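Topology and contacts: notes
So the chains spell out like this:
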Amino acid sequence: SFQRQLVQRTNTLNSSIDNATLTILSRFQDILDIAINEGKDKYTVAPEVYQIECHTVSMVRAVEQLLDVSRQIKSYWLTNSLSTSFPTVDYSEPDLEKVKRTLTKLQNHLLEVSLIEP
Amino acid sequence: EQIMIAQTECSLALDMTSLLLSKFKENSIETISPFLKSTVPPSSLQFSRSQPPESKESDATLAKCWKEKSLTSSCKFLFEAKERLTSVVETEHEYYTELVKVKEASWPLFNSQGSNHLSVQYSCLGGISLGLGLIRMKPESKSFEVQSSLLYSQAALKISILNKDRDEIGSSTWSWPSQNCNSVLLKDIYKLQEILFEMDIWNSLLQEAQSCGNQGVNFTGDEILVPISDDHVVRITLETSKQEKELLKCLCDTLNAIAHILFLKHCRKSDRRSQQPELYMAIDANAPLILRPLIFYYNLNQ
Amino acid sequence: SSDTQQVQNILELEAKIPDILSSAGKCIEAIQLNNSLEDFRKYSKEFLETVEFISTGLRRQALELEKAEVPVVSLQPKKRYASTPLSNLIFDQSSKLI
Amino acid sequence: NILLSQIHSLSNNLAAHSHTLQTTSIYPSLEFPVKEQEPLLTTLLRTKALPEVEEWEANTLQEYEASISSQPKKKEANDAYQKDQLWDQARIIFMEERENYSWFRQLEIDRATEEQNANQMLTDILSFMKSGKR
Amino acid sequence: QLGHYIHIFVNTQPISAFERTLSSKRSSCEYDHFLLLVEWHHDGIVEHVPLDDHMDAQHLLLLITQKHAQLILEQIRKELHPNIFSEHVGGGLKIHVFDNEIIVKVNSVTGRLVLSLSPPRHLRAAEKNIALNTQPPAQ
Amino acid sequence: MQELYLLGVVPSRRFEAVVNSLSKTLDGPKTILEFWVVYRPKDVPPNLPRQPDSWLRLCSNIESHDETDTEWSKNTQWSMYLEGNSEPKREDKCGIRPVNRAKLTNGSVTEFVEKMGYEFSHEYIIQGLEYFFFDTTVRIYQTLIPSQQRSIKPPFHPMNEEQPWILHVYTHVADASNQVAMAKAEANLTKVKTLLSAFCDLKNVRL
Amino acid sequence: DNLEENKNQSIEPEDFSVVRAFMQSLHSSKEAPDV
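Notes on the structure in this doc start here.

Concerning the side chain of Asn111 of chain B
- Mapped onto the secondary structure, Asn111 of chain B falls in the loop between α3 (57-98) and β2 (119-120).
- Setting aside its immediate chain neighbours within four residues, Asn111 of chain B contacts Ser119 of chain B, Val72 and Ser74 of chain C together with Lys7, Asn8, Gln9 and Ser10 of chain G.

Things to note about the interface of chain D and chain B
- Taken together, the 22 residues of chain D in the interface contact 25 residues of chain B.
- Counting the surface lost from both chain D and chain B, the interface buries some 2100 Å², and carbon and sulfur atoms represent 65% of this.
- Linking chain D with chain B are zero salt bridges.
- Every element with two or more residues in the side of chain D that touches chain B is listed here: β1 (26-28), α3 (38-44), α4 (51-70) and α5 (77-100) of chain D.
- A per-class count over the side of chain D that touches chain B returns 12 nonpolar, six polar and four charged.
- Note: strand β1 (residues 45-47) of chain B against β1 of chain D, three bridges, orientation antiparallel. For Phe47 of chain B, the partnering residue across the bridge sits in β1 of chain D and is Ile26 of chain D.

Focus on the interface of chain C and chain B
- Contact residues are listed per partner, giving 37 residues for chain C and 45 residues for chain B.
- Summed over both sides, the interface between chain C and chain B buries roughly 3500 Å², with carbon and sulfur atoms accounting for 69% of that surface.
- Looking at the side of chain C facing chain B, the largest losses of area belong to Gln32, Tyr81 and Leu97 of chain C, adding up to 20% of the total buried there.
- Where chain C touches chain B, the interface holds zero salt bridges.

A look at a nonpolar patch on the surface
- The grouping of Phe16, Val18, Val19, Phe22, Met23 and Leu26 of chain G at the surface amounts to a nonpolar patch, some 490 Å² of accessible area in total.
- Mapped onto the elements, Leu26 of chain G comes out in helix α1 (residues 19-30).

Some remarks on unusual backbone geometry
- With an omega of -5°, the peptide bond running from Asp284 of chain B to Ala285 of chain B counts as cis.
- Omega for the peptide link from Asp32 of chain E to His33 of chain E comes to -10°, which places this bond in the cis form.
- By the element assignment, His33 of chain E lies in the loop between α1 (19-22) and β2 (37-40).
- The phi dihedral of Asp231 of chain B falls on the positive side, at around 55°, and the residue is not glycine.
- Residue position: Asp231 of chain B is located in the loop between α4 (184-207) and β6 (233-238).
- The phi dihedral of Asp92 of chain F is positive, around 55°, even though this residue is not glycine.
- Secondary-structure assignment places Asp92 of chain F in the loop between β4 (58-61) and β5 (95-97).

Overview of the sheet that holds β5 of chain F
Residue and element names in this part refer to chain F.
- Across the sheet, five strands lie side by side as β5-β1-β11-β8-β7; this open sheet has antiparallel pairing. The open sheet has two edge strands with one neighbour each: β5 and β7 (129-133). Averaged over neighbouring strand pairs, the angle between their axes works out to 25° when direction is ignored.
- Here five bridges tie β7 to strand β8 (residues 136-140), and the two strands are oriented antiparallel to one another. Each residue of the ladder has a partner; that of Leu129, found in β8, is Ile140.
- Of the strands in this sheet, β1 (2-5), β5, β7, β8 and β11 (169-173) are in contact with helix α3 (residues 180-196), which crosses β11 at around 165°.

Some words on the pairing of strand β5 (residues 168-173) of chain B
Residue and element names in this part refer to chain B.
- Bridging between strand β4 (residues 157-162) and β5 involves four bridges; their strand directions are antiparallel. Looking across to β5, one finds that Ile159 is bridged to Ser172.
- Hairpin connection of β4 to β5: five residues between the antiparallel strands, including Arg166 at a positive phi of 55°.

So, the environment of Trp103 of chain D
- With respect to the element layout, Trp103 of chain D can be found in the loop between α5 and α6 (107-130).
- When the C-alpha atoms of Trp103 of chain D and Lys73 of chain D are compared, they prove to be 50 Å apart, with 30 residues separating the residues in sequence.

Concerning the nonpolar core
- Counting residues in each nonpolar core, the largest one holds 40 residues, and the members touching the most others are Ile24 and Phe28 of chain A, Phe40 and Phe47 of chain C together with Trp87 and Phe94 of chain D.
- Among the elements that make up this core, the one with the highest residue count is helix α2 (residues 20-32) of chain C (seven residues).
- Residue contacts for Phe40 of chain C: discarding those within four places in its chain leaves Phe28 and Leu32 of chain A, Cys27 and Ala30 of chain C together with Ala90 and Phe94 of chain D.

Brief notes about the packing of helix α2 (residues 42-78) of chain A against helix α4 (residues 47-63) of chain C
- Across the interface, α2 of chain A lies against α4 of chain C with an axial gap of 10 Å and an inter-helix angle of 25°. Taken together, α2 of chain A and α4 of chain C sit at an angle that is classed as roughly parallel. You can see that α2 of chain A and α4 of chain C cross each other, and the crossing is left-handed. The segment α2 of chain A lies against α4 of chain C, with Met59, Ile73 and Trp77 of chain A engaging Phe47, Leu58, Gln61 and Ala62 of chain C.

What to know about the sheet that holds strand β9 (residues 143-144) of chain F
Residue and element names in this part refer to chain F.
- With respect to topology, four strands assemble into an open sheet ordered β4-β3-β6-β9, the strand pairing being antiparallel. Only two strands of the sheet have a single partner each, and these edge strands are β4 and β9.
- Looking at chain direction, strand β6 (residues 125-126) and β9 are connected through two bridges and run antiparallel. Opposite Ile125, over in β9, you have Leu144 as the bridge partner.

As for α3 of chain F
All names here are of chain F.
- For α3, built from 17 residues, the straight-helix expectation of 24 Å at 1.5 Å per residue is met to within 8% by its first-to-last C-alpha distance of 24 Å.
- Restricting attention to buried positions, one finds in α3 the residues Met182, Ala185, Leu189 and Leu196. All buried residues of α3 lie within an arc of 95° about the axis, which places them on one face of the element. Along α3, the residues that are exposed and aim more than 90 degrees away from the buried face are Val180, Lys184 and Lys191.
- Where α3 is buried, its residues touch β1, β5, β8, β10 (165-167) and β11.

Rules and cut-offs
- As a convention, residue numbering begins from 1 on each chain and follows the written sequence, not necessarily the numbering found in the entry; residues with no coordinates do not appear.
- Labels are handed out in written order, letters beginning with A for the chains and numbers beginning with 1 for the ligands.
- This view holds some of the chains of a larger assembly, and the values cover only those chains.
- With hydrogens and water excluded, all non-hydrogen atoms of the structure serve as input to the side-chain values.
- Residues with missing side-chain atoms are left out of burial classes, side-chain pairs and their counts.
- The secondary structure listing takes helices from DSSP runs of H or I that are at least 4 residues long and strands from runs of E that are at least 2 residues long, numbered from the N terminus.
- Contacts: residue pairs with any heavy atoms within 4.5 Å of one another.
- For any pair of parts, buried area is found by adding up, for both, the accessible area (1.4 Å probe) each one loses once the two are put together.
- Each salt bridge in this description consists of a side-chain nitrogen of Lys or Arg and a carboxyl oxygen of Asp or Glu lying within 4 Å of one another.
- Just so you know the grouping, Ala, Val, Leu, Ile, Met, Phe, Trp, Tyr, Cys and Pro go in nonpolar, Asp, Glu, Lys and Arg go in charged, and all remaining residues, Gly too, go in polar.
- What makes two strands pair is DSSP finding at least two bridges between them.
- The patch calculation keeps residues exceeding 30% relative accessible area without a salt bridge and links them within 9 Å when they carry like charges or within 5 Å when they are nonpolar (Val, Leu, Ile, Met, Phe, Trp, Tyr).
- Surface accessibility follows the Shrake-Rupley procedure with a 1.4 Å probe radius. Residue values consider only the protein chains on display as shielding.
- Only the stretch in contact is used when fitting a helix axis, every axis being a line fitted to C-alpha atoms; angles between N-to-C directions are given from 0 to 180 degrees.
- To define a nonpolar core, start from buried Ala, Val, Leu, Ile, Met, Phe, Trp, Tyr and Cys residues and group those joined through side-chain atoms within 4.5 Å.
- Accessibility here uses a 1.4 Å probe with only protein chains present; expressed as a share of the type maximum, an area under 20% marks a residue as buried, one over 50% as exposed, and anything in between as partly exposed.
- Roughly parallel covers angles under 35 degrees, roughly antiparallel covers those over 145, roughly perpendicular covers 65 to 115, and oblique covers all other angles.
- Two helices cross in a left-handed way if the nearer one is turned anticlockwise from the farther one by less than a right angle. They cross in a right-handed way if the turn is clockwise.
- Each residue after the first adds 1.5 Å to the expected span of a helix.
- Working definition: the arc comes from the directions between the helix axis and the C-beta atoms, pointing outward to the latter.

As structure tokens, this is what we get:
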């Protein structure tokens, strides 16, 4: 059905939004969890840098994904058909009669026309 | 390189730890690199109970400073990424402003290929074969110039009357009415429209050249030979890449104009009204016969 | 919003996101550098808003796109022949062709 | 990301496991070959990292001490416990603002109901075009 | 016209008369061996045309069917009466007083037989009869 | 004449917007205006053909005719239809109903069905739009009930003036014996269904 | 050089000059006399 087309489509759009945005949420969230220092071995401090790296990079990544979905939604708003034919240039209506003179006279060229007659 | 070093070192971790755990369970030494089992027998390594062992201030100091450097690295990351993203906004906005010039000026918009861009129908006004422009970013242009399959830079339809020597006699060339819209992009949409127009028309015509020979009209297959009176050729083909002679330009007027106007009559005739009495009056197929009836007026004139 | 205007709303919504990263780097700066709880106490009351409110604006752009119900499939055009402006403008040329 | 899963479980296994590991000490046993096989195992006994990177850690110490040269006597760690502790509270406040939020019409499905009976109404007129019963 | 085709391949022409008559110097005993092929078909015959660049795509479709064309020109001409001299000038059918063209169309058929100015139904009749295909035209 | 066809309602709210997705890409628009009289041959004995098709359907196309002009009833073009029913086991498949497309030429027109004695029954007017694809065509519906019997004057009487647009792709086979136009036109109009599927959901309905 | 979530519907090399199949034919043909 045409219904589930656009519906499941837009649902994929919002679901993707849930994806990238929740990604930004949790990844920005747990960096705060990474802040702990005391009570942990210095070698155990080493991973935390890579952790923060993956979180932040996941964030800007998900942002880029949001740019993607946004451009998508742009296309969906804009993929709609033009309401009608749209204005361009209809300026200056052509002569009816110079056309007739070209037709007739250039076809009447070298002819002994006797007007119309009754 | 780096991953080779670290990861293979980790393979040595797995292998030697397997040497340690091979003292008991045998389902562990099995994963060691092939050279090792060929050499050193398993259960070789063994742990010892020993020492706290030692500790130093460098532990806590590096544990602090490295985290500082890490969070600051996150700051530099967020800020410089903010820069690149803002710049991406600055770039991307121009596209959709020019698309204000497109869609907000009411122009076709459709999904496209692997180009990721839009697939606008430049040929929105119609012709024969369908035409959609491949929108394409042009960094030099600030705007984003669009092109199609053309090898030709420009094109239209030259016409002229070859003599017995096939010297020039009558002559002319097609010209579109000039759009003067505020957006040059839309103007080029008009241009590519004009191109697909000349395409579909002359291609349809020479495609129709089929049975041109019934009243002497012929073909080099390049265009329309016109073996009529006094040995002449009204050559009519695609562009590369006194008062009575002005009136020859006027015979050329009826030709140039009324032929394209028959492209229009065939814009009506392609509507497939396909009316029966004409089907009695014609054979094949959808073909307009742009040519013969007019030159039949011409030869009836003769 | 209508026609491009939703898309335009997204267009000026575009720059509304990257600086949120400035707000966030400053969210880190609140204790990493500035050493003040009050700052992130404010920017957690900012970062989540600057992000999520935009996210809601987006999800509503999409759901109300789903209300506007623009078809996704591109129609395969018939070989179009002549729109009226094309035809009569060609006639104008024909006058020029006289 | 998969690597983040790796460091996840690995750091997970560091845990209290280090409490036992600190007393541990590697040594090859009786089946270990003796003539000249040892030195590679000495490399296995060699806990040394990348010399350039250990040099880097030395750089971090000496240059943090250079920062100390810029700042001759400034304790911070004692209240830095409250640096990380303010992280520990502000994360919670952050979570508070998170929980305060609303999160993600259904009426669109009922738009289908408009065409539901309209299909049934499609059945209506055809029944007239068919039977024509009034 | 209702197949009618040419397969294209690769050939060999061993013959001892050139082969071992030299051999072991400027004539290799083996080759070993392969050439070119273009087999005309439909109906009952196969041309073995020379195959040598420079060449264009149109030739096998044309020139072959041009041989076939003048073979049709002589076909009907010898199925025809002596009274009416069919010439290669252009299928000059001679329904006297008029003398008019006989041609078969290139590619899709409906033959390009032509009256000498504007023709009426005659061409239309013979050629729509060609559209009928059945009942060959001579009588 | 074996018509092949489907059905799909279009709410008027989205109608002309659909037309933009139609007429710009199709032949037409062509407004329809045709006065029906589906006379019922009340006859004896059972078993009567009795089926809705079996009842006669004089079909006066009048689309060019004036809404008040008086010569219409037996001067403007008429027609007549019994038509065969659409095929059994034609599930989801386009219905295939053979059709006798009658035509006529005399000042007498309706009279012959009463010369056959047939009784008056229900009446309406095709009044939708039609969009060509060669011999095939789509025929979206409007079937207003006329304001009075044998009265051409509007307003007429849709069951609701929120009238459903019973969209209806179709074709007309000359004879059903060959497989040709069967699968061929079914394919072409299935592709037409793919076209409408960009904005509608047609279905078969039993007939 | 060196060397040198979007859209689906649209308008309605092989750097080898089909050299790949030619090589394949070479595989078939090297032993074509032989096989």
